[PDB]
Amino acid sequence: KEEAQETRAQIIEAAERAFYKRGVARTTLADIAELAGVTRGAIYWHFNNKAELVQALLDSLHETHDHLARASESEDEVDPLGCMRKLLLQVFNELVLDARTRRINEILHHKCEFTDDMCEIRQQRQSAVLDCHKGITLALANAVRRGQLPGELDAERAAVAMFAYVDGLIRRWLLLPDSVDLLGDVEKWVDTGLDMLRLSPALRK
Amino acid sequence: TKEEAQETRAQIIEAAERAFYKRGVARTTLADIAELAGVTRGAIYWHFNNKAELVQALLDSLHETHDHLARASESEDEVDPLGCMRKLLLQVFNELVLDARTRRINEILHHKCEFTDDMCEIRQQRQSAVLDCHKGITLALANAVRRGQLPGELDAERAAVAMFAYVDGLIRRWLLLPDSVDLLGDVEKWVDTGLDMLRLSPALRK
Ligand SMILES: O=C1C[C@@H](c2ccc(O)cc2)Oc2cc(O)cc(O)c21
Ligand SMILES: O=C1C[C@@H](c2ccc(O)cc2)Oc2cc(O)cc(O)c21
């Protein structure tokens with residue numbers, strides 16, 4: 001009884017450590033349960049499987065940004081592209097400063113395989129990125145129907161180009177941090193990608 | 001017979017690919033690639049010491065098709081080094097869509113290959129690879145610049161990083177949701193977009 005609003009968050013913290021150390025593919029619920037100090041039944045109570053745990057880690061990333069995200073995906077917001085700028089700067093600040101964000105991103109990008117003996121991992125990822133895509137595409141049209149935004153962006157493609165650049169930059173920094181002074185030059189990195197979204201003719205219809 | 005060995009390196013590699021693709025790199029070991037290929041046992045050990053070593057043989061095969069256009073791009077005497085960079089990326093994406101082998105080895109590289117302190121050598125290899133790749137995009141871009149094909153005050157290094165990231169995330173995006181990027185239909189649009197960023201971003205200058 002309110003036994004585990006608490007153990008849920010301790011099970012997720014042990015999942016991160018197991019996954020960060022041994023990787024997702026070879027970690028069993030039992031490694032995690034041992035690490036949390038609970039039983040595999042205590043885990044089954046919150047999660048029906050390892051894919052669900054992975055999900056919980058993935059989903060935990062959207063929290064911090066939620067507001068700037070939602071803000072920028074909204075007409076009434078006087079200034080969409082500017083919330084997208086803030087959002088992006090926060091995304092990079094949080095990767096640099098927060099060990100937790102970084103670790104979960106490291107697990108996501110470099111320690112979580114897609115194999116057909118658990119395709120809910122690849123499935124959940126597809127769904128996550130299409131979700132994120134609809135988001136970027138709104139933010140993109142709202143900027144456009146606001147003069148912030150060369151009236152003929154192909155949105156959908158601008159959105160894909162954007163996610164791609166931010167995604168590959170993050171994974172880049174994760175591979176070689178001392179080669180992307182991400183914190184020091186946050187603004188230049190964020191702007192570079194925004195300059196792509198408006199200054200590039202190729203992203204136009 | 002030397003020619004039999006060459007035959008059996010090349011079939012160790014073929015089966016590693018199918019092997020990593022279905023079961024992933026983490027839970028697949030040399031033993032299992034021998035049964036897959038139908039091989040002899042020290043054979044894979046003669047050829048391939050490790051697993052990191054075999055993984056690296058796959059990641060290495062990828063560059064082969066691009067050698068020519070990559071070399072020209074970075075040649076300080078080549079008259080159209082950005083044209084090389086352009087057509088190189090065209091061949092990269094063209095081959096990605098068309099060549100099943102390339103697509104699978106990339107899928108392995110991107111989606112079936114964990115970095116664990118448990119090896120080190122998979123991650124280490126990879127850092128080197130990307131640092132190497134980086135080196136070349138810098139020269140290339142630095143050649144396009146001498147020659148007034150890209151903005152004169154461009155930061156070559158930060159531009160090379162921007163470009164690598166875009167091409168890497170774009171490739172990964174397609175492997176994940178291929179029906180969301182007409183990579184083969186639009187190839188020139190995708191190459192073009194990334195290249196626009198290099199020539200038009202003022203944040204990439206100074
Ligand atoms: O909505 C987001 C958050 C961001 C992100 C979330 C988590 C993470 O680990 C890394 C990046 O990805 C993005 C990438 C973009 O191009 C545009 C965006 O609006 C976003
Ligand atoms: O030389 C290469 C190899 C290429 C590549 C892409 C995908 C892949 O799976 C393997 C290699 O990436 C590049 C990206 C560039 O901007 C410039 C380049 O010169 C290169």
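Every chain is numbered from 1 and lettered A, B, ... according to where its sequence line falls, protein lines coming before strand lines. All ligand and atom numbering here is 1-based and tracks the order in the structure.
Residues in residues 142-154 of chain B take part in no salt bridge (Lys or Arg N to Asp or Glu O under 4.0 Å) pair, two or more places apart or across chains.
Between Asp80(B) and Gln149(B), the side chains place a donor N or O and an acceptor N or O closer than 3.5 Å (distance only, hydrogens not considered). Side-chain contact check for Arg172(A) and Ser179(A): at least one donor-acceptor pair (N or O, by modelled atom type) lies under 3.5 Å.
Under the 4.0 Å criterion applied to side-chain N and carboxylate O atoms, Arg27(B) and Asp117(A) are assigned as salt-bridge partners.
In this structure, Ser128(B) OG and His134(B) NE2 are separated by 13.5 Å, a value rounded to the nearest 0.5 Å.
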Report every pair formed by an N or O atom of ligand 1 and a protein N or O atom separated by less than 3.5 Å, giving atom names and the distance to 0.1 Å.
| from | atom 1 | to | atom 2 | distance (Å) |
| --- | --- | --- | --- | --- |
| ligand 1 | 9 (O) | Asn105(A) | OD1 | 2.8 |
| ligand 1 | 9 (O) | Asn105(A) | ND2 | 2.4 |
| ligand 1 | 16 (O) | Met162(A) | O | 3.3 |

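In terms of modelled atom types and a separation under 3.5 Å, the side chain of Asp168(B) and the main chain of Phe164(B) share no donor-acceptor contact.
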